Amino acid sequence: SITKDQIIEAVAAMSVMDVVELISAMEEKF
Amino acid sequence: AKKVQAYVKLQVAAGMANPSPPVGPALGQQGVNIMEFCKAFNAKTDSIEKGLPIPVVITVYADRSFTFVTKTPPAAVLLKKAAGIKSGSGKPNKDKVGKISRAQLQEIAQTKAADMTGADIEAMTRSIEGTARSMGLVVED
Amino acid sequence: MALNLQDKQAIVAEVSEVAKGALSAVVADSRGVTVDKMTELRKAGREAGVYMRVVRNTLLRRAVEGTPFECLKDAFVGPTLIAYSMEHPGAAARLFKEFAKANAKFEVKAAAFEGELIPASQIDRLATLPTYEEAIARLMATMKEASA
């Protein structure tokens, strides 16, 4: 996909957003 | 330190580590070296301050030499040069004689942050209450 | 000791930690010194302060009286001497880690760490933990994926 369109948001975001999110990025791939 | 072995604390002095009538010999004579507390102590003395009360522990087995540790000052004593009167009564404590500084007791206690159990630094204060109601000297809170 | 009016508080308090908690560990303190507690309270200290406990209670009759609530995986821990540890905030964290590292400094047994509850199961030291915030291990997974 568009890499810059996924860096501008992928350096600036919230907290508990991530806390219920990256216990699972590990799942689709790895 | 996960194993104690030998410790005697008899509050020394900074400006010159070389006593004789108070401590002197009796601070080092059972595998301890009188020559090295003026080579080593004063190496940890001048970074801070000099003259006033210093309890202390050393690392002497029967291994000739050693390495010196530091400590902390007495807490009811920070109510002498850190309060007012230097005794504690005068009228035996059948009379409630002393007198306090409420402002102090926290930051003057806080100076002893490295040797107390209270998580809450406010708790570390509540200890100093009794430590400073040691006579029945009321604090003008 | 105290009557019931007090055996009830040690419950209603201790079980609302389970009902409102995070992780659970294990440990048997046969020889539990006090330099022991001193330390682990600074650890609770780092691990907030007083967010943590360990209230020795392994009277099945107590910290199981908090189990047929949640964590009925502990009808089996509660026998013999035990030192129950609950987490409120914090990652499902490091709590785990130093208990093994502590007791592996002699610091008495660890019940072989009979283990506990996050899942609903048993033993095995994991640092699958406080990497937590190692979402950076998914930040480096960005540029390195984009480049390489």
# chains A, B, ... in the order shown; residues from 1 in each chain; ligands from 1

call {"tool": "closest_atom_pairs", "arguments": {"of": "chain C", "to": "chain B", "cutoff": "10 Å", "atoms": "only C-alpha atoms", "output": "JSON lines"}}
result
{"residue": "C:35", "atom": "CA", "partner": "B:2", "partner_atom": "CA", "distance": 8.7}
{"residue": "C:38", "atom": "CA", "partner": "B:117", "partner_atom": "CA", "distance": 7.4}
{"residue": "C:39", "atom": "CA", "partner": "B:117", "partner_atom": "CA", "distance": 9.8}
{"residue": "C:41", "atom": "CA", "partner": "B:119", "partner_atom": "CA", "distance": 8.2}
{"residue": "C:42", "atom": "CA", "partner": "B:119", "partner_atom": "CA", "distance": 7.7}
{"residue": "C:44", "atom": "CA", "partner": "B:119", "partner_atom": "CA", "distance": 9.6}
{"residue": "C:45", "atom": "CA", "partner": "B:119", "partner_atom": "CA", "distance": 6.9}
{"residue": "C:48", "atom": "CA", "partner": "B:119", "partner_atom": "CA", "distance": 9.6}
{"residue": "C:49", "atom": "CA", "partner": "B:119", "partner_atom": "CA", "distance": 6.4}
{"residue": "C:50", "atom": "CA", "partner": "B:119", "partner_atom": "CA", "distance": 7.9}
{"residue": "C:105", "atom": "CA", "partner": "B:2", "partner_atom": "CA", "distance": 9.2}
{"residue": "C:107", "atom": "CA", "partner": "B:2", "partner_atom": "CA", "distance": 9.6}

call {"tool": "closest_atom_pairs", "arguments": {"of": "chain C", "to": "chain A", "cutoff": "10 Å", "atoms": "only C-alpha atoms", "output": "CSV"}}
result
residue,atom,partner,partner_atom,distance
C:91,CA,A:19,CA,9.5
C:132,CA,A:19,CA,8.3
C:133,CA,A:19,CA,8.1
C:134,CA,A:22,CA,9.3
C:135,CA,A:22,CA,6.8
C:137,CA,A:22,CA,9.9
C:138,CA,A:22,CA,8.1
C:139,CA,A:10,CA,8.3
C:142,CA,A:7,CA,8.7
C:143,CA,A:7,CA,9.3
C:146,CA,A:3,CA,7.8

call {"tool": "write_last_selection", "arguments": {"atoms": "N, CA and C atoms", "output": "mmCIF file, in the first residue's frame"}}
result
data_model
loop_
_atom_site.group_PDB
_atom_site.id
_atom_site.type_symbol
_atom_site.label_atom_id
_atom_site.label_comp_id
_atom_site.auth_asym_id
_atom_site.auth_seq_id
_atom_site.Cartn_x
_atom_site.Cartn_y
_atom_site.Cartn_z
ATOM 1 N N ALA C 91 1.719 -3.865 32.966
ATOM 2 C CA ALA C 91 1.657 -4.963 32.006
ATOM 3 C C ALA C 91 1.397 -6.250 32.750
ATOM 4 N N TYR C 132 6.301 -5.464 26.385
ATOM 5 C CA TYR C 132 5.069 -4.643 26.352
ATOM 6 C C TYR C 132 5.384 -3.145 26.455
ATOM 7 N N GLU C 133 4.942 -2.409 25.431
ATOM 8 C CA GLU C 133 5.498 -1.115 24.987
ATOM 9 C C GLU C 133 6.670 -1.341 24.028
ATOM 10 N N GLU C 134 7.074 -2.601 23.819
ATOM 11 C CA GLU C 134 8.024 -2.950 22.745
ATOM 12 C C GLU C 134 7.264 -3.042 21.441
ATOM 13 N N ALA C 135 6.133 -2.355 21.353
ATOM 14 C CA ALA C 135 5.618 -2.007 20.046
ATOM 15 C C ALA C 135 6.623 -1.347 19.084
ATOM 16 N N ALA C 137 9.318 -2.914 18.716
ATOM 17 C CA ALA C 137 9.622 -4.152 17.994
ATOM 18 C C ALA C 137 8.557 -4.389 16.911
ATOM 19 N N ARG C 138 7.706 -3.381 16.701
ATOM 20 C CA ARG C 138 6.858 -3.300 15.516
ATOM 21 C C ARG C 138 6.977 -1.932 14.846
ATOM 22 N N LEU C 139 7.772 -1.045 15.448
ATOM 23 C CA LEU C 139 8.287 0.124 14.743
ATOM 24 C C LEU C 139 9.504 -0.234 13.886
ATOM 25 N N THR C 142 8.781 -1.751 10.824
ATOM 26 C CA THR C 142 8.335 -0.872 9.736
ATOM 27 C C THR C 142 9.470 -0.562 8.731
ATOM 28 N N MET C 143 10.359 0.389 9.073
ATOM 29 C CA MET C 143 11.412 0.879 8.157
ATOM 30 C C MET C 143 12.231 -0.287 7.583
ATOM 31 N N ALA C 146 9.947 -1.861 5.141
ATOM 32 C CA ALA C 146 9.919 -0.937 4.000
ATOM 33 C C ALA C 146 11.235 -0.945 3.181
#

call {"tool": "select_by_dssp", "arguments": {"residues": "segment 6-113 of chain B", "states": "strand (DSSP E)", "output": "ChimeraX atom specification"}}
result
/B:58-59,67-68

call {"tool": "closest_residue", "arguments": {"among": "B:91, B:13, B:111, B:75", "to": "residue 127 of chain B", "atoms": "only C-alpha atoms"}}
result
B:75

call {"tool": "atom_distance", "arguments": {"atom1": "atom CA of residue 3 of chain C", "atom2": "atom CA of residue 63 of chain C"}}
result
17.0 Å

call {"tool": "atom_distance", "arguments": {"atom1": "atom CA of residue 121 of chain C", "atom2": "atom CA of residue 47 of chain C"}}
result
23.5 Å

call {"tool": "residues_around", "arguments": {"residues": "residue 72 of chain B", "least_positions_apart": "2", "cutoff": "9 Å", "atoms": "only C-alpha atoms", "output": "compact mmCIF listing (two decimals) with N, CA, C and O atoms, in the first residue's frame"}}
result
# COMPACT_ATOMS: atom_id res chain seq x y z
N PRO B 53 28.29 14.10 62.43
CA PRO B 53 28.14 12.64 62.72
C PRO B 53 28.12 11.64 61.54
O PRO B 53 27.29 11.75 60.63
N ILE B 54 28.99 10.63 61.62
CA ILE B 54 29.16 9.63 60.55
C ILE B 54 29.16 8.17 61.08
O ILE B 54 30.24 7.63 61.37
N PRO B 55 27.98 7.52 61.22
CA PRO B 55 28.12 6.08 61.53
C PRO B 55 28.79 5.34 60.35
O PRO B 55 28.78 5.91 59.27
N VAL B 56 29.32 4.13 60.51
CA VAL B 56 29.99 3.47 59.38
C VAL B 56 30.28 1.95 59.46
O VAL B 56 30.60 1.47 60.53
N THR B 70 29.72 3.62 53.44
CA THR B 70 29.19 4.85 54.04
C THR B 70 27.86 4.51 54.71
O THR B 70 27.53 3.32 54.84
N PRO B 74 21.86 10.03 62.31
CA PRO B 74 20.75 9.72 63.23
C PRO B 74 19.57 10.66 62.97
O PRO B 74 19.83 11.78 62.52
N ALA B 75 18.34 10.28 63.29
CA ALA B 75 17.19 11.05 62.80
C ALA B 75 16.62 12.01 63.85
O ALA B 75 16.16 13.10 63.50
N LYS B 112 16.90 11.94 54.73
CA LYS B 112 17.14 10.54 55.10
C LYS B 112 16.23 9.59 54.29
O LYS B 112 15.71 8.60 54.81
N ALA B 114 17.15 7.61 51.91
CA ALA B 114 17.79 6.36 51.50
C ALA B 114 17.82 5.25 52.57
O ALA B 114 18.50 4.23 52.39
N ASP B 115 17.05 5.43 53.64
CA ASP B 115 17.07 4.46 54.74
C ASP B 115 15.72 4.38 55.45
O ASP B 115 15.65 4.45 56.68

call {"tool": "select_by_dssp", "arguments": {"residues": "chain A", "states": "alpha helix (DSSP H)", "output": "PyMOL selection string"}}
result
chain A and resi 16-19+25-28

call {"tool": "write_last_selection", "arguments": {"atoms": "N, CA, C and O atoms", "output": "PDB file, in the first residue's frame"}}
result
ATOM      1  N   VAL A  16      -3.864   3.029  24.548  1.00  0.00           N
ATOM      2  CA  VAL A  16      -4.649   1.790  24.711  1.00  0.00           C
ATOM      3  C   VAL A  16      -5.173   1.296  23.352  1.00  0.00           C
ATOM      4  O   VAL A  16      -5.540   0.113  23.207  1.00  0.00           O
ATOM      5  N   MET A  17      -5.204   2.207  22.370  1.00  0.00           N
ATOM      6  CA  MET A  17      -5.385   1.842  20.962  1.00  0.00           C
ATOM      7  C   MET A  17      -4.453   0.656  20.687  1.00  0.00           C
ATOM      8  O   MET A  17      -4.901  -0.455  20.374  1.00  0.00           O
ATOM      9  N   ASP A  18      -3.160   0.913  20.891  1.00  0.00           N
ATOM     10  CA  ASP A  18      -2.088  -0.055  20.640  1.00  0.00           C
ATOM     11  C   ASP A  18      -2.124  -1.262  21.596  1.00  0.00           C
ATOM     12  O   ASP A  18      -1.752  -2.373  21.208  1.00  0.00           O
ATOM     13  N   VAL A  19      -2.538  -1.044  22.848  1.00  0.00           N
ATOM     14  CA  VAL A  19      -2.451  -2.086  23.884  1.00  0.00           C
ATOM     15  C   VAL A  19      -3.410  -3.260  23.597  1.00  0.00           C
ATOM     16  O   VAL A  19      -3.121  -4.415  23.950  1.00  0.00           O
ATOM     17  N   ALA A  25      -0.708  -8.245  16.037  1.00  0.00           N
ATOM     18  CA  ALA A  25       0.019  -8.014  14.788  1.00  0.00           C
ATOM     19  C   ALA A  25       0.959  -9.205  14.564  1.00  0.00           C
ATOM     20  O   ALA A  25       1.345  -9.544  13.435  1.00  0.00           O
ATOM     21  N   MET A  26       1.278  -9.853  15.679  1.00  0.00           N
ATOM     22  CA  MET A  26       2.133 -11.027  15.722  1.00  0.00           C
ATOM     23  C   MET A  26       1.476 -12.247  15.088  1.00  0.00           C
ATOM     24  O   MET A  26       2.142 -13.255  14.826  1.00  0.00           O
ATOM     25  N   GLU A  27       0.171 -12.143  14.833  1.00  0.00           N
ATOM     26  CA  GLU A  27      -0.651 -13.293  14.454  1.00  0.00           C
ATOM     27  C   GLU A  27      -0.798 -13.465  12.937  1.00  0.00           C
ATOM     28  O   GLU A  27      -0.560 -14.559  12.406  1.00  0.00           O
ATOM     29  N   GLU A  28      -1.196 -12.402  12.241  1.00  0.00           N
ATOM     30  CA  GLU A  28      -1.387 -12.476  10.794  1.00  0.00           C
ATOM     31  C   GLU A  28      -0.079 -12.817  10.095  1.00  0.00           C
ATOM     32  O   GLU A  28      -0.076 -13.457   9.039  1.00  0.00           O
TER      33      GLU A  28
END

call {"tool": "atom_distance", "arguments": {"atom1": "atom CA of residue 96 of chain C", "atom2": "atom CA of residue 13 of chain C"}}
result
22.6 Å

call {"tool": "residues_around", "arguments": {"residues": "residue 118 of chain C", "least_positions_apart": "6", "cutoff": "10 Å", "atoms": "only C-alpha atoms", "output": "PyMOL selection string"}}
result
chain C and resi 21-25+71+92

call {"tool": "write_last_selection", "arguments": {"atoms": "C-alpha atoms", "output": "short mmCIF file (atom, residue, chain, number, x, y, z; two decimals), in the first residue's frame"}}
result
data_model
loop_
_atom_site.label_atom_id
_atom_site.label_comp_id
_atom_site.auth_asym_id
_atom_site.auth_seq_id
_atom_site.Cartn_x
_atom_site.Cartn_y
_atom_site.Cartn_z
CA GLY C 21 -6.75 -7.26 38.45
CA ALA C 22 -4.19 -8.31 35.79
CA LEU C 23 -1.63 -11.13 36.50
CA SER C 24 -0.96 -13.77 39.24
CA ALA C 25 2.28 -15.46 40.39
CA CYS C 71 -9.06 -18.24 39.20
CA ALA C 92 0.91 -8.59 32.74
#

call {"tool": "residues_around", "arguments": {"residues": "residue 87 of chain B", "least_positions_apart": "5", "cutoff": "12 Å", "atoms": "only C-alpha atoms", "output": "list in words"}}
result
residues 76, 77, 79, 80, 81, 92, 93, 97, 98, 99, 134 and 135 of chain B

call {"tool": "residues_around", "arguments": {"residues": "segment 44-48 of chain B", "least_positions_apart": "2", "cutoff": "9 Å", "atoms": "only C-alpha atoms", "output": "PyMOL selection string"}}
result
chain B and resi 14-15+40-42+50+70

call {"tool": "write_last_selection", "arguments": {"atoms": "C-alpha atoms", "output": "JSON list (two decimals), in the first residue's frame"}}
result
[["chain", "number", "residue", "atom", "x", "y", "z"],
["B", 14, "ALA", "CA", 35.20, 14.03, 58.45],
["B", 15, "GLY", "CA", 37.64, 16.98, 58.60],
["B", 40, "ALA", "CA", 40.17, 5.70, 51.63],
["B", 41, "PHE", "CA", 37.53, 7.54, 53.84],
["B", 42, "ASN", "CA", 38.59, 11.05, 52.91],
["B", 50, "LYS", "CA", 32.85, 17.62, 56.79],
["B", 70, "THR", "CA", 29.19, 4.85, 54.04]]

call {"tool": "residues_around", "arguments": {"residues": "segment 58-62 of chain C", "least_positions_apart": "3", "cutoff": "10 Å", "atoms": "only C-alpha atoms", "output": "list in words"}}
result
residues 7, 8, 10, 11, 14, 15, 28, 55, 65, 66, 67, 74, 75, 76, 77, 78, 79, 80, 81, 82, 83 and 84 of chain C

call {"tool": "decode", "arguments": {"residues": "segment 93-122 of chain C", "atoms": "N, CA, C and O atoms", "output": "compact mmCIF listing (two decimals), in the first residue's frame"}}
result
# COMPACT_ATOMS: atom_id res chain seq x y z
N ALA C 93 3.15 -8.13 33.41
CA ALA C 93 4.55 -7.80 33.69
C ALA C 93 5.44 -8.72 34.53
O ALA C 93 5.04 -9.78 35.02
N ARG C 94 6.66 -8.19 34.68
CA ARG C 94 7.98 -8.41 35.28
C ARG C 94 7.85 -9.06 36.66
O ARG C 94 8.77 -9.78 37.12
N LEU C 95 6.75 -8.74 37.34
CA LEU C 95 6.27 -9.44 38.54
C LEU C 95 6.66 -10.90 38.46
O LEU C 95 7.28 -11.46 39.37
N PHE C 96 6.25 -11.49 37.35
CA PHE C 96 6.65 -12.82 36.95
C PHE C 96 8.17 -12.97 37.08
O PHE C 96 8.66 -13.83 37.82
N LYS C 97 8.90 -12.10 36.40
CA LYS C 97 10.33 -12.31 36.18
C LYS C 97 11.16 -12.40 37.47
O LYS C 97 11.89 -13.39 37.66
N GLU C 98 11.04 -11.43 38.37
CA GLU C 98 11.99 -11.38 39.48
C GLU C 98 11.66 -12.41 40.52
O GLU C 98 12.50 -12.73 41.35
N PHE C 99 10.43 -12.91 40.54
CA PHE C 99 10.16 -13.96 41.50
C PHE C 99 11.09 -15.13 41.22
O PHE C 99 11.65 -15.70 42.15
N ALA C 100 11.28 -15.47 39.94
CA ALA C 100 12.23 -16.53 39.59
C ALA C 100 13.66 -16.08 39.83
O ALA C 100 14.47 -16.84 40.39
N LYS C 101 13.99 -14.88 39.39
CA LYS C 101 15.32 -14.34 39.63
C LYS C 101 15.59 -14.14 41.12
O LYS C 101 16.66 -14.52 41.60
N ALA C 102 14.64 -13.59 41.87
CA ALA C 102 14.76 -13.51 43.33
C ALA C 102 15.05 -14.90 43.91
O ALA C 102 16.18 -15.19 44.31
N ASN C 103 14.04 -15.78 43.94
CA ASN C 103 14.20 -17.12 44.53
C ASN C 103 15.37 -17.91 43.93
O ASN C 103 15.87 -18.85 44.56
N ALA C 104 15.82 -17.55 42.73
CA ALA C 104 17.03 -18.15 42.16
C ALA C 104 18.29 -17.41 42.65
O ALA C 104 19.39 -17.62 42.13
N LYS C 105 18.12 -16.57 43.66
CA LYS C 105 19.24 -16.03 44.43
C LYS C 105 19.13 -16.65 45.83
O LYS C 105 19.16 -15.95 46.84
N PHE C 106 18.97 -17.98 45.86
CA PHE C 106 18.50 -18.72 47.03
C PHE C 106 17.10 -18.29 47.44
O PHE C 106 16.21 -19.14 47.53
N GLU C 107 16.95 -16.99 47.73
CA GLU C 107 15.77 -16.37 48.35
C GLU C 107 14.57 -17.32 48.59
O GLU C 107 13.41 -17.00 48.28
N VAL C 108 14.88 -18.47 49.19
CA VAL C 108 13.90 -19.50 49.53
C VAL C 108 13.34 -20.15 48.25
O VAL C 108 13.60 -19.69 47.13
N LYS C 109 12.56 -21.22 48.40
CA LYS C 109 11.89 -21.86 47.26
C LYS C 109 10.94 -20.89 46.53
O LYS C 109 10.79 -19.72 46.92
N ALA C 110 10.32 -21.38 45.46
CA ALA C 110 9.28 -20.63 44.76
C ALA C 110 7.99 -21.43 44.52
O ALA C 110 7.21 -21.09 43.63
N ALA C 111 7.77 -22.44 45.38
CA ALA C 111 6.70 -23.45 45.23
C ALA C 111 6.91 -24.26 43.95
O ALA C 111 5.96 -24.79 43.35
N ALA C 112 8.18 -24.33 43.53
CA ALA C 112 8.55 -24.73 42.17
C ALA C 112 7.82 -23.78 41.19
O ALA C 112 7.81 -24.00 39.97
N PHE C 113 7.30 -22.67 41.74
CA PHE C 113 6.35 -21.81 41.06
C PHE C 113 5.21 -22.64 40.51
O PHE C 113 5.19 -22.94 39.30
N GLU C 114 4.26 -23.00 41.36
CA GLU C 114 3.13 -23.77 40.86
C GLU C 114 2.39 -22.95 39.78
O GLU C 114 1.54 -23.50 39.07
N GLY C 115 2.70 -21.67 39.64
CA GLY C 115 2.10 -20.86 38.58
C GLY C 115 0.71 -20.30 38.87
O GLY C 115 0.28 -20.29 40.02
N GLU C 116 0.01 -19.84 37.83
CA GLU C 116 -1.32 -19.24 38.03
C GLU C 116 -2.16 -18.93 36.77
O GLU C 116 -2.29 -19.76 35.87
N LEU C 117 -2.62 -17.67 36.78
CA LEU C 117 -3.67 -17.10 35.93
C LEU C 117 -3.44 -15.69 35.31
O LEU C 117 -3.13 -14.70 35.97
N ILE C 118 -3.61 -15.72 34.00
CA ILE C 118 -3.70 -14.73 32.93
C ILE C 118 -4.47 -15.56 31.93
O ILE C 118 -5.67 -15.32 31.71
N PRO C 119 -3.82 -16.60 31.37
CA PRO C 119 -4.70 -17.57 30.72
C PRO C 119 -5.83 -18.26 31.51
O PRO C 119 -6.98 -17.79 31.47
N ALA C 120 -5.49 -19.31 32.26
CA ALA C 120 -6.07 -20.27 33.19
C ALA C 120 -5.33 -21.58 33.48
O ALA C 120 -5.91 -22.66 33.41
N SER C 121 -4.02 -21.48 33.71
CA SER C 121 -3.14 -22.65 33.69
C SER C 121 -2.00 -22.70 34.74
O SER C 121 -2.20 -22.33 35.89
N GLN C 122 -0.82 -23.17 34.32
CA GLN C 122 0.26 -23.52 35.26
C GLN C 122 1.61 -22.78 35.13
O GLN C 122 1.65 -21.55 35.08
